[PDB]
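To keep things clear, I will list the structure first and then write my remarks on it.
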Ligand SMILES: [Cl-]
């Protein structure tokens, strides 16, 4: 069964990738969640150290800034999910 | 070799997915690690701003809260690892 | 087309895994980015609570420490990308 092994493997791939995509989304969701807390912490610190110019000036450091890249991961996930659907679609016609 | 291409591709899939699962676990481990530091930071801030009602009241903001979803990622990883084992198991009988 | 299904599935796998690897890298990049902010926050707190021994002593807690594991994820990604290249290479000779 050649045809058969092709369908089989395509569905194995698809079922693994559904779980990977799910995981990627959830890891990104947790970064987004955690970042809101971290930046609320930073704003609180900026107020506490305002007399000294806020957190970075207070320390005598260049500011570290968070670069949120949820857009990239979200895009890659949706592309993976498209590829899953396309493989199934192609087998279906 | 049809049979052969099926075994081959199944093992390629399995070896890629072992590394993906490993990565997902490690990303989750780092979120868990980092979150403990962020929340210790928050508790410290809640004490420093206690006279003002803690961090959120001090800022005049609704609190941001971290939603830990390690359970979801852990579950998806273990499901991926089950699927790896099942494919190998099926080829073995 | 047995040969054909083997090439096809190998390239499907490869194109999904390129996007997974990309995602893993980006999730790690965001952890690295966020961790710099969290630890700058911690250092600021250590100064504010220095009279009390820094953040952990101030709270009466054992310190929580961030364990960065970018090296692990970076390694797994590069291994996945090697496996992609090797599959293509093998089909090419
Ligand atoms: Cl923080």
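With ideal geometry, Cβ positions are generated from the backbone for all residues, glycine too; neighbour counts draw on all protein chains shown. Only the coordinates and a few stated rules stand behind these numbers; no lab work does.
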The residue that is nearest to the ligand (Cβ to nearest atom), considering only those in region C:7-39 that are over 22 Å from residue C:83 (Cα atoms) and touching a helix residue (DSSP H, G or I) at 6+ places or on another chain (Cβ under 7 Å), is C:38
Give the residues of region B:84-93 that are surrounded by fewer than 17 Cβ atoms within 10 Å (Cβ to Cβ) and either without any contact (Cβ under 8 Å) to a residue 40 or more places away in the chain or within 8 Å of chain A (Cβ to nearest Cβ) (or both), sorted by residue number. B:85, B:86, B:89, B:90, B:92, B:93
May I ask you to verify whether residue A:26 is more than 14 Å from the chain's Cα centre (by Cα) and within 11 Å of chain B (Cβ to nearest Cβ)? no
From (1) more than 7 Å from every other protein chain (Cβ to nearest Cβ); (2) under 17 Å from residue A:39 (Cα atoms), pick out the condition that doesn't hold for residue B:37. (1)
Across region C:1-18, the tally of residues that are under 20 Å from the mean Cα position of the chain (by Cα) and either under 30 Å from residue B:39 (Cβ atoms) or surrounded by fewer than 23 Cβ atoms within 10 Å (Cβ to Cβ) (or both) stands at 3
Out of A:37, A:25, report the one residue that is touching a residue at least 40 places away in the same chain (Cβ under 8 Å) and buried (at least 17 other Cβ atoms within 10 Å of the Cβ). A:25
Residue tally, condition over 21 Å from residue B:27 (Cα atoms), exposed (fewer than 13 other Cβ atoms within 10 Å of the Cβ) and more than 16 Å from the ligand (Cβ to nearest atom), over region B:53-82: 3
Considering only residues of region C:40-52 that are within 16 Å of the ligand (Cβ to nearest atom) and more than 7 Å from chain B (Cβ to nearest Cβ), which is nearest to residue A:66 (Cα to Cα)? C:40
